[PDB]
Engineer: 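After the structure tokens below, expect a handful of questions from me.
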8 protein chains.
Amino acid sequence: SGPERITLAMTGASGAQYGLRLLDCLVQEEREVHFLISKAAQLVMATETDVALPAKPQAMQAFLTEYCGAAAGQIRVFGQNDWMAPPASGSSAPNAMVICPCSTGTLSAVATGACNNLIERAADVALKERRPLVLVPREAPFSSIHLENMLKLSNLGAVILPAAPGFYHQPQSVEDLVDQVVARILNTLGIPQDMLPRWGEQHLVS
Amino acid sequence: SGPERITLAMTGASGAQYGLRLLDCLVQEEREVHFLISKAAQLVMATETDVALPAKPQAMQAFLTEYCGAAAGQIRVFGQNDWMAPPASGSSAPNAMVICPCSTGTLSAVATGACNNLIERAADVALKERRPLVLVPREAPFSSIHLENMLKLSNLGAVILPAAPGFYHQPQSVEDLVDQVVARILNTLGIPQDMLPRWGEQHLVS
Amino acid sequence: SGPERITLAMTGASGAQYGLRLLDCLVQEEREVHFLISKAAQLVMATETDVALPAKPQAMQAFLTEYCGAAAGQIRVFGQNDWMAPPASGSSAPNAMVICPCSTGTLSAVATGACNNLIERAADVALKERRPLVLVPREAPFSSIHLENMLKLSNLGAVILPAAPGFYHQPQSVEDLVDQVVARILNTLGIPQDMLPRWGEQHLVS
Amino acid sequence: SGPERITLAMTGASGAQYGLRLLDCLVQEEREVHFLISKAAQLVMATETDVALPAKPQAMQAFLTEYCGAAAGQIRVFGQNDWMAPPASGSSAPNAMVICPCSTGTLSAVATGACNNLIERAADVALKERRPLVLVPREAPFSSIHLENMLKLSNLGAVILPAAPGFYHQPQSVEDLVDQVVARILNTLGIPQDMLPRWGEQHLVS
Amino acid sequence: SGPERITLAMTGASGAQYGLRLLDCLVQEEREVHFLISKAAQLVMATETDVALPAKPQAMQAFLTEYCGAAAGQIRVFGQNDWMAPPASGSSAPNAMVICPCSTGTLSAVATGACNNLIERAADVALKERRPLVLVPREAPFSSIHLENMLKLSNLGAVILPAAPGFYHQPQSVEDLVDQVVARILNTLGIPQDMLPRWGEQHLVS
Amino acid sequence: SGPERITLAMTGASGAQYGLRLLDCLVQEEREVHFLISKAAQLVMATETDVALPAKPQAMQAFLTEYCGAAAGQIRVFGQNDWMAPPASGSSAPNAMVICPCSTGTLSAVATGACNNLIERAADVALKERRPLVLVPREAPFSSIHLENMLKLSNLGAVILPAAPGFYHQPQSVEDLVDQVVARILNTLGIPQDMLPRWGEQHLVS
Amino acid sequence: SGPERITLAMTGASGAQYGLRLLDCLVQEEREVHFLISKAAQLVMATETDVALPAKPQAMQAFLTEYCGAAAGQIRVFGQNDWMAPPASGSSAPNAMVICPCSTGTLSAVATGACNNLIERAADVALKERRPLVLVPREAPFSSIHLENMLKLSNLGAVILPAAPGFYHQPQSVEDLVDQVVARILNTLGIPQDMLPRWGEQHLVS
Amino acid sequence: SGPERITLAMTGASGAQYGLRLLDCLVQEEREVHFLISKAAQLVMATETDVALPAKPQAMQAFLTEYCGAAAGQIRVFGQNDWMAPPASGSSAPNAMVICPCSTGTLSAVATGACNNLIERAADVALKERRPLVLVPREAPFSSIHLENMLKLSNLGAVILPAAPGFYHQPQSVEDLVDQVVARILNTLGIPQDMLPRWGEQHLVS
Ligand SMILES: Cc1cc2c(cc1C)N(C[C@H](O)[C@H](O)[C@H](O)COP(=O)(O)O)c1[nH]c(=O)[nH]c(=O)c1N2
Ligand SMILES: Cc1cc2c(cc1C)N(C[C@H](O)[C@H](O)[C@H](O)COP(=O)(O)O)c1[nH]c(=O)[nH]c(=O)c1N2
Ligand SMILES: Cc1cc2c(cc1C)N(C[C@H](O)[C@H](O)[C@H](O)COP(=O)(O)O)c1[nH]c(=O)[nH]c(=O)c1N2
Ligand SMILES: Cc1cc2c(cc1C)N(C[C@H](O)[C@H](O)[C@H](O)COP(=O)(O)O)c1[nH]c(=O)[nH]c(=O)c1N2
Ligand SMILES: Cc1cc2c(cc1C)N(C[C@H](O)[C@H](O)[C@H](O)COP(=O)(O)O)c1[nH]c(=O)[nH]c(=O)c1N2
Ligand SMILES: Cc1cc2c(cc1C)N(C[C@H](O)[C@H](O)[C@H](O)COP(=O)(O)O)c1[nH]c(=O)[nH]c(=O)c1N2
Ligand SMILES: Cc1cc2c(cc1C)N(C[C@H](O)[C@H](O)[C@H](O)COP(=O)(O)O)c1[nH]c(=O)[nH]c(=O)c1N2
Ligand SMILES: Cc1cc2c(cc1C)N(C[C@H](O)[C@H](O)[C@H](O)COP(=O)(O)O)c1[nH]c(=O)[nH]c(=O)c1N2
Ligand SMILES: CC(C)=CCOP(=O)(O)O
Ligand SMILES: CC(C)=CCOP(=O)(O)O
Ligand SMILES: CC(C)=CCOP(=O)(O)O
Ligand SMILES: CC(C)=CCOP(=O)(O)O
Ligand SMILES: CC(C)=CCOP(=O)(O)O
Ligand SMILES: CC(C)=CCOP(=O)(O)O
Ligand SMILES: CC(C)=CCOP(=O)(O)O
Ligand SMILES: CC(C)=CCOP(=O)(O)O
Ligand code: NA
Ligand code: NA
Ligand code: NA
Ligand code: NA
Ligand code: NA
Ligand code: NA
Ligand code: NA
Ligand code: NA
């Protein structure tokens with residue numbers, strides 16, 4: 001159940017832990033992941049994590065395959081101007097797409113249809129083919145510009161899933177909060193997860 | 001610097017830790033706090049925390065005074081239908097107002113001008129007097145209904161500050177993430193805080 | 001085929017027969033039903049029917065189980081402020097939701113995102129998770145306020161299915177008209193029904 | 001009291017019983033009725049009723065006069081392109097107009113101002129002269145296209161009265177439900193009726 | 001001339017004197033008054049006036065009958081959840097409706113179609129039946145939320161009559177200013193009044 | 001996979017080759033096709049192709065069955081006013097619908113909800129039941145009227161798929177370009193096709 | 001605290017007492033007042049008050065200086081076409097501006113940006129420099145034209161403060177009601193006043 | 001007749017044949033062409049054609065001059081950041097501008113006024129000087145983002161001419177379809193062409 005292929009895009013918002021954890025969970029569920037990462041997102045990961053991600057796609061692809069324990073060919077890495085990659089065309093095989101985390105800059109580009117890189121093209125392709133598109137914005141405060149861009153995409157079928165974890169399962173660590181958001185993303189995709197239990201499932205009567 | 005009085009309202013969104021931590025920081029900065037809490041928010045606090053908050057205003061006021069080490073009269077607690085409380089009238093002394101956390105239900109009420117309790121009246125009063133109003137929504141995903149309500153209030157001068165903590169200062173605990181959001185709220189209010197350093201302050205040239 | 005679980009909410013519009021008949025059909029199709037009923041809807045049922053529905057959830061749950069011949073645990077009844085019930089959280093297992101009948105007051109609450117009870121929260125949750133939401137309004141005339149609320153929800157993916165039965169299968173009783181509307185609801189949910197035949201199915205050529 | 005002349009238009013929505021019953025009630029109240037019926041509505045009446053309505057205006061006029069026990073000249077029947085009929089011009093004597101039932105196609109035509117037949121012209125004339133116009137739509141679900149057309153006309157003064165009968169007077173037959181809707185239409189027109197009692201008229205105090 | 005029955009609703013805005021004076025004038029003009037009063041409005045009347053209004057409908061009805069010198073059955077009082085009262089249904093006998101004074105909270109409820117009590121239902125019924133609806137808001141400043149709600153209702157046919165008395169007849173007391181507003185309300189209803197003379201009636205030429 | 005039944009409508013835009021090729025591909029995938037064709041579309045086919053299509057449904061149905069090598073009953077042809085055909089009612093069995101090619105006139109009718117023929121009714125039914133609806137407009141330039149109609153339908157869930165073939169697979173004939181568009185339509189429907197390969201499927205890394 | 005200079009404009013709405021009382025309070029707080037008055041406002045003052053205001057600026061300035069006990073140069077009076085006055089240019093020293101009372105005609109001019117006199121220019125200058133602008137409309141009913149103009153200005157930062165006094169401090173005279181509105185204006189400006197006490201200031205707990 | 005100078009911009013949409021054929025036709029009509037081509041468009045031309053276009057402007061200019069048989073100086077090639085080129089300034093000599101083909105990314109940039117390269121600046125200049133601007137989008141499906149951008153530009157005077165060739169002149173090759181679109185572009189520019197005959201020119205009477 002859920003999509004066989006997922007386009008996972010990481011952009012330069014804080015919350016690089018969310019994207020890496022999502023990537024790992026997708027691998028453990030035996031999903032094929034088309035991995036995209038912006039230049040600013042590489043800076044964020046170097047600043048916020050101890051993950052030393054190689055810069056070029058192929059070295060990055062080999063590193064990520066090792067980091068998550070993925071099978072050969074399970075993780076595909078595509079550069080930011082590789083228009084020959086599957087996500088660049090609606091004639092490609094159907095993927096679900098997640099931008100996690102999603103910068104306000106990338107949010108604006110997708111909202112206006114700017115196609116300045118492969119992440120922005122892939123999101124444009126997902127909307128025109130009405131394939132799943134999940135944006136995980138991380139920003140505070142949300143300006144009216146941010147909110148109008150989120151509202152326009154939400155009206156068009158995209159899922160605006162902010163990196164705003166809930167506390168209703170007594171989190172004990174940063175990792176508990178990261179897992180909580182990733183579990184919502186997996187729920188939204190229809191992919192099984194055991195980190196976030198189904199609320200009230202054994203609650204029969206008030 | 002910053003407001004002498006703050007109306008702190010807590011509603012039934014997850015993230016009760018944010019409101020309690022904000023209340024404590026406000027007390028440490030020697031601010032007078034008009035504390036409001038919804039019935040659903042009391043359920044959330046009992047579920048998510050080990051804080052045993054008394055139910056009625058006066059017992060609640062004595063408890064909170066002890067819990068934060070506040071001076072006598074520094075924390076005022078007002079019931080949900082006490083229209084004689086200062087926040088209910090624009091002729092009151094000027095306060096800043098924070099709803100943290102802010103449920104989508106309370107977000108909707110403030111956006112539409114529904115005045116079904118003192119929290120909703122106080123927010124209506126803040127907007128009509130153009131006094132500061134900060135909403136801290138905690139929800140995921142954000143629906144188009146949520147986004148339209150946030151956008152309308154943002155256009156009217158309210159600050160939409162989601163409970164979406166950043167990771168760019170290497171958080172080591174849940175408490176680090178809670179402090180990060182509370183620090184943004186204090187920054188937005190113009191109240192001093194030392195939990196979140198000023199970004200790039202010693203960065204002279206690229 | 002169709003949803004395994006359905007949140008059936010009844011609100012204080014005339015047409016209590018529609019909701020009871022839908023509940024019975026859902027039970028006969030071996031579906032799990034999370035049953036919600038407003039205070040005004042209880043008054044409507046007492047006025048319009050000879051069904052003597054018990055007031056509290058558990059007594060109501062036992063009564064409804066007997067009334068429809070349902071298996072144990074097949075019908076769950078949840079009170080109007082039971083936030084621990086599954087419908088209150090998007091982290092719950094996926095349900096389809098039907099408000100039948102839907103008052104103009106509940107229509108307004110769902111349109112604006114007011115979350116004043118569990119019915120209104122559950123509808124808010126369904127929209128944010130993009131799970132099925134069917135509203136069955138019963139009102140005449142429709143004001144512009146009613147129509148704007150229906151249009152906003154329809155634009156957001158909700159199904160506005162008014163209690164306006166068709167006559168194109170020669171109805172002979174009130175029960176025929178009630179069955180006609182319930183069959184449209186079941187069709188909309190993707191649940192099998194034999195009360196409303198498939199139009200023109202054996203019509204080969206003009 | 002109420003209008004002396006009524007333009008009654010029937011279009012190809014299910015619910016031909018509503019229009020025939022309304023026509024009969026109007027005759028019993030000694031009102032002059034300008035009767036219009038679309039080609040699709042004639043098909044609906046043949047399918048849904050045992051009324052064998054003649055096809056051409058004059059034969060149709062003689063039949064309807066007999067069917068309702070109307071006086072000579074009380075019922076006028078006008079063909080779909082008879083621009084010499086009173087409803088086609090705002091310089092005519094003032095009528096109230098009812099489209100019952102009203103197809104979504106005719107609803108769309110009136111909303112956009114399309115004047116492709118005499119029914120659509122007459123409705124255009126009623127709106128420009130600000131004479132009463134009641135639309136009785138029968139459709140389920142209501143699409144956003146349907147709802148936008150109803151909302152536009154409602155904003156312009158038309159009454160959107162859906163064929164959604166109430167059950168709060170214990171209906172015992174299809175005829176009770178048909179009478180309920182017709183009574184609302186008569187109430188809206190200001191014409192006396194005894195089928196639907198005045199709600200709460202003898203209810204002095206709670 | 002003017003309406004035989006008036007639904008007079010009082011809500012929790014300052015200006016309780018306006019509603020009591022209007023009620024008295026309506027009684028002196030031999031009109032039947034369906035009186036509704038919110039819980040907050042009862043607090044306002046106790047604070048702003050020396051009128052000791054009984055709390056429950058029937059005691060309140062007997063008191064008001066004595067206070068205005070009304071005939072038996074001339075004043076009907078209905079509780080806030082009495083859905084059996086005439087104002088709750090459009091099938092009732094036609095009334096005009098006045099909300100005086102009208103809180104911003106009730107203004108918001110009527111604008112959005114929220115039907116949380118009988119006052120809000122009655123206003124919803126008045127708009128859908130296109131029966132007169134006069135709102136008398138008392139608030140300062142008017143926020144953009146207040147203004148959008150007033151504008152939406154004004155566009156829908158409601159009369160937005162603020163408690164903003166004119167001074168162009170040399171008022172000598174608070175009672176002169178209260179009478180001035182009540183006279184505008186009576187003028188708007190088409191009910192005779194002698195408190196506010198017809199402007200320029202004997203002004204023949206400049 | 002994909003829909004078992006497809007309503008294929010052809011209207012009077014240039015590009016009759018697209019519709020005939022789509023019809024053939026649907027037959028080869030063993031799908032049941034409900035075929036509708038406008039009067040203007042018949043003129044276009046006679047002008048642009050050597051296909052001699054019979055005028056009346058039944059003769060047309062026999063011809064099309066032979067032309068595509070379809071099984072008996074696989075292709076159903078319905079006249080433009082046959083309201084007894086399945087597409088005319090939402091109570092019919094679920095179909096996907098394609099208008100290929102789609103004139104600007106039919107685009108306008110579907111956008112406004114005009115139901116002047118069975119093609120326009122069927123599209124209205126598809127939108128209200130939220131069943132797939134694909135429009136293949138052929139026009140140049142696109143006016144603002146055309147664009148507003150396409151945008152409104154796109155916002156409502158319809159797929160606006162213009163007859164604008166891509167050249168990125170080195171087309172060698174008109175037939176290659178026709179096949180390219182038909183393949184996008186089949187992709188959009190979820191029906192297998194081998195004319196348009198999946199873009200970048202074997203592209204592992206940049 | 002508060003602005004050192006205030007542009008006080010009086011226009012031809014009823015409520016000349018409000019403007020004169022505001023002018024006096026501003027003088028008592030030692031503020032410099034740039035006084036503007038329309039031709040219609042002069043007629044209103046002659047009709048509604050016993051103040052005999054001289055017609056030309058300089059005589060008017062000497063009179064007003066005596067009437068309020070102001071220091072020399074404290075009150076400046078500028079004619080309606082004196083473009084050399086400070087309020088006519090954004091390069092002037094910063095003022096706050098109040099139009100009290102504000103006619104619907106002047107409200108319309110400021111909303112649309114009409115600059116037909118110095119009052120309208122000064123308001124245009126205040127909005128473009130984002131300096132305080134308070135409008136005190138006096139009208140009843142408010143039309144939709146009035147409400148749209150107020151809403152547009154409110155959205156742009158202007159304060160719409162209607163002459164709608166509250167009664168929650170037991171007013172005993174017309175002068176009490178005039179003082180109540182003037183006190184709100186002074187509160188809005190941030191200027192000290194003792195006529196309207198701070199609501200609930202000594203209300204510690206419910 | 002028609003413009004003496006044309007700014008021909010090619011962007012990275014499929015349909016490079018359209019732009020090359022248009023360029024050739026413009027040369028044959030003795031027009032001066034200011035040629036712009038994006039980096040992505042160069043990739044498209046290498047993929048879709050056997051044209052080996054040199055990368056740098058001057059080598060590209062010499063190649064194109066030879067490829068079309070143009071006179072010296074007839075084709076000017078300008079790099080993507082050459083702000084000294086005529087198209088970058090509205091003070092330049094008047095040109096008509098065509099973007100053929102036009103990517104959805106460039107469509108978005110022109111719609112929002114983004115000026116990230118000379119193609120986008122030139123289009124911004126054309127709109128502000130109200131000089132002709134023709135966009136030739138090639139995409140399928142058109143998303144709502146695409147459609148809103150096209151509609152905004154169409155409303156502003158730009159011609160949205162999709163690469164959607166007609167078939168009503170019996171095309172026999174890909175080249176016939178390419179010529180058909182190019183002929184519409186030339187018609188829109190007012191430049192003579194003989195590839196597309198004038199429809200119905202010798203059709204005297206029906
Ligand atoms: C360490 C760090 C942290 C952040 C950022 C930067 C850096 C270096 N930036 C700014 C962001 O990277 C910038 O706007 C880029 O232009 C985003 O480009 P992409 O959208 O990734 O192409 C950023 N932007 C944002 O919208 N939300 C955020 O939380 C952050 N946080
Ligand atoms: C433990 C727990 C946790 C949550 C909630 C409930 C409970 C019991 N609720 C639902 C919320 O309380 C409900 O909509 C109330 O109606 C909110 O009422 P107030 O806005 O506080 O008056 C809730 N609502 C929301 O908008 N965001 C959230 O994160 C949560 N989380
Ligand atoms: C017998 C009877 C019948 C009706 C009602 C009431 C009663 C007692 N009410 C009014 C409705 O109950 C009221 O607006 C409630 O506030 C609705 O509350 P909920 O939406 O159920 O919480 C009602 N409301 C509505 O929108 N449509 C209807 O057909 C009816 N009919
Ligand atoms: C028996 C039967 C029943 C119905 C219909 C048809 C038939 C034959 N039609 C379809 C409708 O007649 C069609 O859209 C016509 O084009 C309407 O034309 P007029 O609006 O009457 O000119 C129809 N249309 C609609 O909007 N609501 C309905 O309930 C029905 N029901
Ligand atoms: C003495 C006093 C005076 C006022 C109020 C309160 C009290 C106690 N309230 C607040 C108002 O009562 C509150 O928003 C209630 O929620 C209104 O509820 P109803 O609309 O009456 O159901 C109030 N609200 C408002 O909109 N305008 C006003 O002038 C006042 N004045
Ligand atoms: C040969 C030929 C070619 C075309 C046309 C006509 C003919 C005869 N028409 C015009 C179209 O047929 C006309 O607007 C009809 O009214 C469309 O009616 P339907 O939408 O099919 O009912 C047409 N219309 C359009 O929108 N796009 C097109 O490409 C064409 N091409
Ligand atoms: C005694 C008296 C009283 C009033 C008025 C007039 C007079 C003579 N006028 C009408 C107003 O003066 C007129 O519309 C002028 O054109 C307003 O011009 P200024 O806006 O002052 O330039 C007026 N206008 C308004 O909007 N509200 C009001 O309350 C009054 N009252
Ligand atoms: C072979 C080939 C074919 C296409 C594309 C690419 C490639 C390599 N791209 C994607 C497009 O080039 C991308 O969005 C660029 O960012 C466009 O940049 P410019 O607008 O030319 O600056 C593309 N984009 C689009 O909107 N429509 C199309 O038909 C195509 N086709
Ligand atoms: C890279 C590429 C083939 C882009 C075009 O894809 P599509 O046909 O616009 O979905
Ligand atoms: C409780 C109270 C005095 C409410 C009225 O306040 P305001 O004058 O509307 O700001
Ligand atoms: C009762 C409860 C857990 C509400 C919060 O749910 P969600 O995470 O907002 O979908
Ligand atoms: C048939 C006729 C006279 C139509 C014109 O009427 P009107 O003057 O437009 O109201
Ligand atoms: C209390 C009651 C009968 C509510 C329903 O009234 P209506 O038919 O919706 O006008
Ligand atoms: C031909 C026909 C039954 C039309 C009515 O269908 P629906 O119930 O409006 O979906
Ligand atoms: C009277 C005058 C200088 C008007 C121009 O002022 P501004 O520079 O437009 O603020
Ligand atoms: C390169 C250049 C002169 C840009 C400015 O042109 P314009 O005056 O803005 O039309
Ligand atoms: Na770009
Ligand atoms: Na309320
Ligand atoms: Na609430
Ligand atoms: Na016509
Ligand atoms: Na309600
Ligand atoms: Na029609
Ligand atoms: Na002027
Ligand atoms: Na730029």
Side-chain angles (χ1 to χ4, degrees), chain B residues 11-13 38 40-41 80-81 102-121 123-124, chain C residues 81 109 112-118 120-121 124, chain E residues 11-13 38 40-41 80 102-112 114-117 119-120 123 162 164-170 180 184 199-200 203, chain G residues 9-16 18-19 36-38 40-49 80 99-110 114 116-120 123 135-143 145-146 149 162-163:
Chain B
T11 62
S38 76
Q80 281 310 297
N81 293 276
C102 183
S103 70
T104 66
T106 287
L107 162 72
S108 162
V110 179
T112 68
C115 290
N116 285 319
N117 56 53
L118 180 56
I119 295 166
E120 298 173 5
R121 174 60 178 174
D124 196 64
Chain C
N81 293 276
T112 68
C115 290
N116 285 319
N117 56 53
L118 180 56
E120 298 173 5
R121 174 60 178 174
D124 196 64
Chain E
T11 62
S38 76
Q80 281 310 297
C102 183
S103 70
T104 66
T106 287
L107 162 72
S108 162
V110 179
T112 68
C115 290
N116 285 319
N117 56 53
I119 295 166
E120 298 173 5
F167 286 69
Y168 49 86
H169 287 309
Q170 293 223 300
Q180 222 257 336
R184 317 270 324 186
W199 182 259
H203 188 92
Chain G
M10 298 188 58
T11 62
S14 175
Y18 295 114
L36 318 169
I37 185 163
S38 76
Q42 301 186 253
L43 300 163
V44 173
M45 187 174 290
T47 307
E48 295 189 350
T49 76
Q80 281 310 297
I99 305 185
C100 172
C102 183
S103 70
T104 66
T106 287
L107 162 72
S108 162
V110 179
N116 285 319
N117 56 53
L118 180 56
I119 295 166
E120 298 173 5
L135 269 51
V136 185
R138 211 301 313 173
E139 183 55 275
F142 284 157
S143 88
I145 294 175
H146 306 157
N149 290 334

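Note that ligands are numbered from 1 as they come in the structure, with each ligand's atoms numbered from 1 the same way. In what follows, every chain begins at residue 1, and chains take the letters A, B, ... in the order their sequences are listed. Atom set for the values below is all heavy atoms of this structure, side chains included, hydrogens, waters and symmetry mates excluded.
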Engineer: Can a donor-acceptor pair be found, under 3.5 Å and without considering hydrogens, that links the side chain of B:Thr11 to the backbone of B:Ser103?
Structural biologist: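 At least one qualifying donor-acceptor pair exists.
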
Engineer: Suppose we only count N/O/S atoms under 3.0 Å; would B:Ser108 qualify as near the Na ion (ligand 19)?
Structural biologist: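 Not a single backbone or side-chain N, O or S atom of B:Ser108 is under 3.0 Å from the Na ion (ligand 19).
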
Engineer: Is the distance between the Na ion (ligand 18) and the nearest N/O/S atom of E:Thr106 smaller than 3.0 Å?
Structural biologist: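 No.
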
Engineer: I need the B:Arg121 CZ to E:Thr104 OG1 distance, nearest 0.5 Å.
Structural biologist: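 Rounded to the nearest 0.5 Å, the CZ-OG1 separation comes to 5.0 Å.
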
Engineer: If I take atom CG from residue C:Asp124 and atom CG from residue C:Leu118, how far apart are they, to the nearest 0.5 angstrom?
Structural biologist: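 Between C:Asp124 CG and C:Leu118 CG, I get 11.5 Å after rounding to 0.5 Å.
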
Engineer: So which bit of G:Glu139 gets within less than 4.0 Å of ligand 7, heavy atoms only: side chain, backbone, both or neither?
Structural biologist: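 The side chain, only.
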
Engineer: What's the spacing between G:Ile37 CD1 and G:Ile119 CD1 if we round to 0.5 Å?
Structural biologist: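 Here the rounded value is 8.0 Å.
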
Engineer: Within a distance under 4.0 Å of any heavy atom of G:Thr11, pick out the atoms of ligand 7 and give their elements.
Structural biologist: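 In order of number, 20 (O), 21 (O).
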
Engineer: Pick whichever of G:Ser103, G:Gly12, G:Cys102 has a heavy atom sitting closest to atom 23 (C) of ligand 7.
Structural biologist: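 Looking at heavy atoms only, G:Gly12 sits closest to atom 23 (C) of ligand 7.
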
Engineer: So, is G:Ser14 polar-close to ligand 7, with some N/O to N/O distance under 3.5 Å?
Structural biologist: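 Yes: some nitrogen or oxygen of G:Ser14 is under 3.5 Å from one in ligand 7.
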
Engineer: Donor-acceptor pair, distance only, cut-off 3.5 Å: does the side chain of E:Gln80 make one with the backbone of E:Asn117?
Structural biologist: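 Checked: no pair found.
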
Engineer: Using a strict cut-off of 4.0 Å, indicate which atoms of ligand 7 neighbour a heavy atom of G:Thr104.
Structural biologist: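 Matching atoms, with element in brackets: 26 (O).
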
Engineer: Identify, by atom number and element, the atoms of ligand 7 in contact range of G:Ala40, meaning under 4.0 Å from any of its heavy atoms.
Structural biologist: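 Per the distance check, 12 (O), 15 (C), 17 (C), 18 (O), 21 (O).
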
Engineer: Is the shortest side-chain heavy-atom distance between G:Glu139 and G:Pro162 below 4.5 Å?
Structural biologist: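 SC-SC contact between G:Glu139 and G:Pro162 ruled out.
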
Engineer: Does G:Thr47 reach ligand 7 with a nitrogen or oxygen that is under 3.5 Å from one of the ligand's nitrogen or oxygen atoms?
Structural biologist: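 No.
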
Engineer: Applying a heavy-atom cut-off of 4.0 Å, say which part of G:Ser38 lies close to ligand 7: side chain, backbone, both or neither.
Structural biologist: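 Answer for G:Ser38: side chain.
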
Engineer: Tell me whether B:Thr106 contacts the main-chain N or O of B:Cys102 through its side chain, where contact means a donor paired with an acceptor under 3.5 Å.
Structural biologist: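 Absent.
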
Engineer: So, do G:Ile145 and G:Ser108 sit near enough that their side-chain heavy atoms are less than 4.5 Å apart?
Structural biologist: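 No - every pair of side-chain heavy atoms lies 4.5 Å or more apart.
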
Engineer: Does any N/O atom on G:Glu48 come nearer than 3.5 Å to any N/O atom on ligand 7?
Structural biologist: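 So ligand 7 has no N or O lying under 3.5 Å from an N or O of G:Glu48.
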
Engineer: One residue to check: G:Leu43. Relative to ligand 7, which of side chain, backbone, both or neither has a non-hydrogen atom less than 4.0 Å away?
Structural biologist: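 For G:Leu43, no heavy atom sits under 4.0 Å from ligand 7.
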
